[PDB]
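Asks: Let me begin by handing over the structure; questions about it come next.
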Amino acid sequence: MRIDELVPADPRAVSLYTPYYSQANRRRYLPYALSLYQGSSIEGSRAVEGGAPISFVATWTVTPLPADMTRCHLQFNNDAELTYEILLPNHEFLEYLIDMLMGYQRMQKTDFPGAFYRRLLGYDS
């Protein structure tokens, strides 16, 4: 229903992933983003400055090892011709999900970060 209404993951499981990432403000959103990660399916919106936000559908496969790579599937506007496949490490995928919670915290709206679409489009090659 809403990101602030998501229940956090257990501390025994979350504290195990903590030393594999930057130990700072990312620790705060780690329990909530790990819960979102375990969800494997989420609806999200991309915010465009000077435009209107676009609704996309995202699904992915999860694994317990942080060194494993996850394949995520994204569909924008529920169109089969706007299908995206993105594969990246679990360590890096959670940095995106944690950054999403930082955007959520500041504006109180569900918006995915621009850097996620930069890598989704492959602008960094």
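Residue names in the structure tokens use chain letters A, B, ... in the order shown, residue numbers from 1 in each chain, and ligand numbers from 1 in the order shown.
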Any idea what's packed within 10 Å of stretch 5-19 of chain A, counting only C-alpha atoms, ignoring anything in its chain fewer than 4 positions away? Could you give it as a PDB file with C-alpha atoms, in the first residue's frame?
Replies:
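Output (around36.pdb):
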```pdb
ATOM      1  CA  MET A   1       0.000   0.000   0.000  1.00  0.00           C
ATOM      2  CA  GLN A  23      27.554   1.601   7.326  1.00  0.00           C
ATOM      3  CA  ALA A  24      25.849   4.970   7.722  1.00  0.00           C
ATOM      4  CA  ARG A  26      21.979   3.077   4.533  1.00  0.00           C
ATOM      5  CA  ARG A  27      21.688   1.087   7.823  1.00  0.00           C
ATOM      6  CA  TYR A  29      16.637   1.940   5.416  1.00  0.00           C
ATOM      7  CA  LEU A  30      18.306  -1.520   5.252  1.00  0.00           C
ATOM      8  CA  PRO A  31      15.521  -3.336   7.249  1.00  0.00           C
ATOM      9  CA  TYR A  32      12.790  -1.709   5.146  1.00  0.00           C
ATOM     10  CA  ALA A  33      14.535  -2.135   1.752  1.00  0.00           C
ATOM     11  CA  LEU A  34      15.457  -5.781   2.595  1.00  0.00           C
ATOM     12  CA  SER A  35      11.692  -6.356   3.211  1.00  0.00           C
ATOM     13  CA  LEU A  36      10.938  -4.670  -0.196  1.00  0.00           C
ATOM     14  CA  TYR A  37      13.709  -6.852  -1.781  1.00  0.00           C
ATOM     15  CA  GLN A  38      12.075 -10.070  -0.395  1.00  0.00           C
ATOM     16  CA  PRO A  64      20.336 -15.115   0.034  1.00  0.00           C
ATOM     17  CA  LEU A  65      23.969 -14.536  -1.034  1.00  0.00           C
ATOM     18  CA  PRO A  66      24.806 -10.804  -1.455  1.00  0.00           C
ATOM     19  CA  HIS A  91      24.984  -5.471  -3.300  1.00  0.00           C
TER      20      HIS A  91
END
```
Asks: Excluding residue A:119 and residues on its chain fewer than 3 positions from it, collect all residues at most 12 Å away from it, counting only C-alpha atoms, and give them as number ranges by chain.
Replies: A: 84-88, 92-93, 96, 113-116, 122-125
Asks: Give me, as an mmCIF file with N, CA and C atoms, in the first residue's frame, the residues of stretch 70-114 of chain A that a backbone DSSP run labels alpha helix (DSSP H).
Replies:
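Output saved as states_33.cif:
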```
data_model
loop_
_atom_site.group_PDB
_atom_site.id
_atom_site.type_symbol
_atom_site.label_atom_id
_atom_site.label_comp_id
_atom_site.auth_asym_id
_atom_site.auth_seq_id
_atom_site.Cartn_x
_atom_site.Cartn_y
_atom_site.Cartn_z
ATOM 1 N N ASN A 90 23.447 -8.155 -6.196
ATOM 2 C CA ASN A 90 22.548 -7.901 -5.059
ATOM 3 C C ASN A 90 23.049 -6.711 -4.241
ATOM 4 N N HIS A 91 24.401 -6.607 -4.035
ATOM 5 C CA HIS A 91 24.984 -5.471 -3.300
ATOM 6 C C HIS A 91 24.606 -4.146 -3.956
ATOM 7 N N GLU A 92 24.638 -4.088 -5.310
ATOM 8 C CA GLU A 92 24.346 -2.857 -6.024
ATOM 9 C C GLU A 92 22.843 -2.641 -6.139
ATOM 10 N N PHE A 93 22.039 -3.739 -6.301
ATOM 11 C CA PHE A 93 20.575 -3.603 -6.426
ATOM 12 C C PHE A 93 19.983 -2.985 -5.160
ATOM 13 N N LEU A 94 20.487 -3.378 -3.962
ATOM 14 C CA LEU A 94 19.960 -2.821 -2.716
ATOM 15 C C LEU A 94 20.376 -1.363 -2.553
ATOM 16 N N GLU A 95 21.483 -0.888 -3.193
ATOM 17 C CA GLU A 95 21.852 0.536 -3.088
ATOM 18 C C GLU A 95 20.755 1.370 -3.762
ATOM 19 N N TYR A 96 20.227 0.865 -4.911
ATOM 20 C CA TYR A 96 19.124 1.501 -5.635
ATOM 21 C C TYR A 96 17.868 1.498 -4.770
ATOM 22 N N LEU A 97 17.495 0.312 -4.197
ATOM 23 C CA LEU A 97 16.296 0.231 -3.338
ATOM 24 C C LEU A 97 16.440 1.131 -2.105
ATOM 25 N N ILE A 98 17.650 1.213 -1.500
ATOM 26 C CA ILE A 98 17.871 2.099 -0.352
ATOM 27 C C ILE A 98 17.755 3.563 -0.795
ATOM 28 N N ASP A 99 18.306 3.927 -1.998
ATOM 29 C CA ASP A 99 18.215 5.313 -2.496
ATOM 30 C C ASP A 99 16.740 5.676 -2.735
ATOM 31 N N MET A 100 15.915 4.685 -3.177
ATOM 32 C CA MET A 100 14.474 4.884 -3.381
ATOM 33 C C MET A 100 13.818 5.278 -2.055
ATOM 34 N N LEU A 101 14.253 4.648 -0.931
ATOM 35 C CA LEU A 101 13.684 4.957 0.382
ATOM 36 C C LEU A 101 14.130 6.349 0.818
ATOM 37 N N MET A 102 15.345 6.795 0.400
ATOM 38 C CA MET A 102 15.814 8.149 0.718
ATOM 39 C C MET A 102 14.928 9.161 -0.016
ATOM 40 N N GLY A 103 14.569 8.882 -1.309
ATOM 41 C CA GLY A 103 13.673 9.767 -2.078
ATOM 42 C C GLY A 103 12.299 9.774 -1.442
ATOM 43 N N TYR A 104 11.840 8.573 -0.994
ATOM 44 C CA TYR A 104 10.557 8.410 -0.314
ATOM 45 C C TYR A 104 10.541 9.236 0.961
ATOM 46 N N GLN A 105 11.599 9.128 1.790
ATOM 47 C CA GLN A 105 11.675 9.867 3.045
ATOM 48 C C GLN A 105 11.590 11.375 2.836
ATOM 49 N N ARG A 106 12.296 11.924 1.811
ATOM 50 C CA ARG A 106 12.334 13.374 1.645
ATOM 51 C C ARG A 106 11.026 13.955 1.103
ATOM 52 N N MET A 107 10.359 13.263 0.126
ATOM 53 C CA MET A 107 9.144 13.829 -0.495
ATOM 54 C C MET A 107 7.862 13.154 -0.014
ATOM 55 N N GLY A 114 16.466 8.590 -10.465
ATOM 56 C CA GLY A 114 16.872 8.766 -11.869
ATOM 57 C C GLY A 114 18.055 7.900 -12.234
#
```
Asks: Need the shell around residue A:79: protein/DNA/RNA residues with any atom at most 12 Å away, counting only C-alpha atoms. Skip same-chain ones fewer than 5 positions apart. Format as a list in words?
Replies: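 With the cut-off at 12 Å, the set is residues 55, 56, 57, 74 and 84 of chain A.
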Asks: I'd like to know which of A:70, A:40, A:25, A:45 is closest to residue A:117, using only C-alpha atoms.
Replies: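 Answer, going by the shortest atom-to-atom distance: A:45.
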Asks: So how many Å separate atom CA of residue A:59 and atom CA of residue A:28, to one decimal?
Replies: 24.0 Å
Asks: How many Å separate atom CA of residue A:68 from atom CA of residue A:22?
Replies: 18.0 Å
Asks: Name the residues of stretch 7-125 of chain A that fall into strand (DSSP E) according to DSSP on the backbone, using the chain letters and numbers of this document, as number ranges by chain.
Replies: A: 41-46, 54-60, 69-76, 83-89
Asks: Output the selection as an mmCIF file, in the first residue's frame - N, CA, C and O atoms for each residue.
Replies:
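Result written to result-v8.cif:
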```cif
data_model
loop_
_atom_site.group_PDB
_atom_site.id
_atom_site.type_symbol
_atom_site.label_atom_id
_atom_site.label_comp_id
_atom_site.auth_asym_id
_atom_site.auth_seq_id
_atom_site.Cartn_x
_atom_site.Cartn_y
_atom_site.Cartn_z
ATOM 1 N N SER A 41 8.128 -8.208 -6.067
ATOM 2 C CA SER A 41 7.184 -7.617 -7.007
ATOM 3 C C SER A 41 6.742 -6.305 -6.410
ATOM 4 O O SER A 41 6.301 -6.264 -5.262
ATOM 5 N N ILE A 42 6.865 -5.191 -7.172
ATOM 6 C CA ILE A 42 6.461 -3.896 -6.640
ATOM 7 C C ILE A 42 6.027 -2.996 -7.790
ATOM 8 O O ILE A 42 6.469 -3.144 -8.938
ATOM 9 N N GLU A 43 5.085 -2.062 -7.493
ATOM 10 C CA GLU A 43 4.627 -1.081 -8.465
ATOM 11 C C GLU A 43 5.343 0.190 -8.072
ATOM 12 O O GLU A 43 5.425 0.513 -6.885
ATOM 13 N N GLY A 44 5.877 0.954 -9.049
ATOM 14 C CA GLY A 44 6.648 2.143 -8.698
ATOM 15 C C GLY A 44 6.493 3.176 -9.757
ATOM 16 O O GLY A 44 5.996 2.895 -10.848
ATOM 17 N N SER A 45 6.882 4.436 -9.454
ATOM 18 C CA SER A 45 6.726 5.510 -10.419
ATOM 19 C C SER A 45 8.041 6.219 -10.618
ATOM 20 O O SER A 45 8.853 6.369 -9.703
ATOM 21 N N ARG A 46 8.274 6.640 -11.879
ATOM 22 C CA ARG A 46 9.459 7.395 -12.242
ATOM 23 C C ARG A 46 9.017 8.837 -12.321
ATOM 24 O O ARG A 46 8.089 9.168 -13.062
ATOM 25 N N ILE A 54 5.484 8.569 -14.315
ATOM 26 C CA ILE A 54 4.975 7.434 -15.088
ATOM 27 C C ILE A 54 4.994 6.181 -14.216
ATOM 28 O O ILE A 54 5.973 5.890 -13.522
ATOM 29 N N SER A 55 3.869 5.430 -14.231
ATOM 30 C CA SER A 55 3.705 4.184 -13.472
ATOM 31 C C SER A 55 4.307 3.006 -14.222
ATOM 32 O O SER A 55 4.010 2.765 -15.402
ATOM 33 N N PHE A 56 5.188 2.236 -13.511
ATOM 34 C CA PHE A 56 5.791 1.037 -14.089
ATOM 35 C C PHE A 56 5.521 -0.146 -13.167
ATOM 36 O O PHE A 56 5.129 0.020 -12.003
ATOM 37 N N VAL A 57 5.760 -1.383 -13.678
ATOM 38 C CA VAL A 57 5.560 -2.601 -12.889
ATOM 39 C C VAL A 57 6.928 -3.250 -12.803
ATOM 40 O O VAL A 57 7.583 -3.368 -13.849
ATOM 41 N N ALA A 58 7.439 -3.669 -11.601
ATOM 42 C CA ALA A 58 8.766 -4.297 -11.563
ATOM 43 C C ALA A 58 8.701 -5.608 -10.802
ATOM 44 O O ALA A 58 8.078 -5.697 -9.739
ATOM 45 N N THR A 59 9.384 -6.659 -11.340
ATOM 46 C CA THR A 59 9.427 -7.975 -10.684
ATOM 47 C C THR A 59 10.870 -8.453 -10.728
ATOM 48 O O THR A 59 11.641 -8.030 -11.595
ATOM 49 N N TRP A 60 11.282 -9.346 -9.786
ATOM 50 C CA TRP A 60 12.663 -9.832 -9.794
ATOM 51 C C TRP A 60 12.768 -11.119 -8.994
ATOM 52 O O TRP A 60 11.843 -11.508 -8.283
ATOM 53 N N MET A 69 23.948 -12.255 -8.425
ATOM 54 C CA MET A 69 23.358 -11.240 -9.282
ATOM 55 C C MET A 69 21.889 -11.564 -9.452
ATOM 56 O O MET A 69 21.507 -12.724 -9.609
ATOM 57 N N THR A 70 21.037 -10.507 -9.423
ATOM 58 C CA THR A 70 19.584 -10.681 -9.551
ATOM 59 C C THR A 70 19.168 -10.182 -10.919
ATOM 60 O O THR A 70 19.780 -9.254 -11.443
ATOM 61 N N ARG A 71 18.130 -10.806 -11.552
ATOM 62 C CA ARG A 71 17.637 -10.319 -12.835
ATOM 63 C C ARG A 71 16.299 -9.693 -12.525
ATOM 64 O O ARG A 71 15.414 -10.333 -11.944
ATOM 65 N N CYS A 72 16.138 -8.408 -12.883
ATOM 66 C CA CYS A 72 14.905 -7.694 -12.624
ATOM 67 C C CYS A 72 14.275 -7.365 -13.954
ATOM 68 O O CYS A 72 14.949 -7.033 -14.937
ATOM 69 N N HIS A 73 12.929 -7.447 -13.977
ATOM 70 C CA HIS A 73 12.139 -7.178 -15.158
ATOM 71 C C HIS A 73 11.285 -5.976 -14.843
ATOM 72 O O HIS A 73 10.611 -5.922 -13.813
ATOM 73 N N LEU A 74 11.309 -4.981 -15.752
ATOM 74 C CA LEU A 74 10.548 -3.754 -15.583
ATOM 75 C C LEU A 74 9.717 -3.535 -16.826
ATOM 76 O O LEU A 74 10.179 -3.706 -17.951
ATOM 77 N N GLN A 75 8.429 -3.167 -16.602
ATOM 78 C CA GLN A 75 7.493 -2.874 -17.676
ATOM 79 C C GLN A 75 6.920 -1.504 -17.403
ATOM 80 O O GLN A 75 6.279 -1.289 -16.376
ATOM 81 N N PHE A 76 7.108 -0.547 -18.339
ATOM 82 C CA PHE A 76 6.586 0.806 -18.148
ATOM 83 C C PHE A 76 5.258 0.934 -18.868
ATOM 84 O O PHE A 76 5.108 0.500 -20.012
ATOM 85 N N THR A 83 9.463 -3.309 -22.337
ATOM 86 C CA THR A 83 9.983 -4.277 -21.381
ATOM 87 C C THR A 83 11.469 -4.065 -21.238
ATOM 88 O O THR A 83 12.196 -3.910 -22.218
ATOM 89 N N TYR A 84 11.952 -4.064 -19.977
ATOM 90 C CA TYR A 84 13.366 -3.886 -19.703
ATOM 91 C C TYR A 84 13.833 -5.046 -18.847
ATOM 92 O O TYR A 84 13.119 -5.511 -17.955
ATOM 93 N N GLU A 85 15.072 -5.517 -19.116
ATOM 94 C CA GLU A 85 15.691 -6.589 -18.355
ATOM 95 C C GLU A 85 16.999 -6.014 -17.878
ATOM 96 O O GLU A 85 17.825 -5.544 -18.658
ATOM 97 N N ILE A 86 17.185 -6.052 -16.551
ATOM 98 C CA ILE A 86 18.363 -5.511 -15.911
ATOM 99 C C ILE A 86 18.848 -6.531 -14.899
ATOM 100 O O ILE A 86 18.116 -7.074 -14.080
ATOM 101 N N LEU A 87 20.156 -6.816 -15.022
ATOM 102 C CA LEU A 87 20.889 -7.766 -14.221
ATOM 103 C C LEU A 87 22.027 -6.980 -13.629
ATOM 104 O O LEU A 87 22.734 -6.264 -14.339
ATOM 105 N N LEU A 88 22.243 -7.134 -12.292
ATOM 106 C CA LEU A 88 23.253 -6.386 -11.581
ATOM 107 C C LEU A 88 23.399 -7.133 -10.256
ATOM 108 O O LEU A 88 22.536 -7.959 -9.913
ATOM 109 N N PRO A 89 24.487 -6.913 -9.520
ATOM 110 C CA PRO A 89 24.700 -7.583 -8.224
ATOM 111 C C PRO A 89 23.708 -7.208 -7.142
ATOM 112 O O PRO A 89 23.192 -6.094 -7.116
#
```
Asks: So how many Å separate atom CA of residue A:77 and atom CA of residue A:50, to one decimal?
Replies: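 Taking atom CA of residue A:77 and atom CA of residue A:50, their separation equals 19.0 Å.
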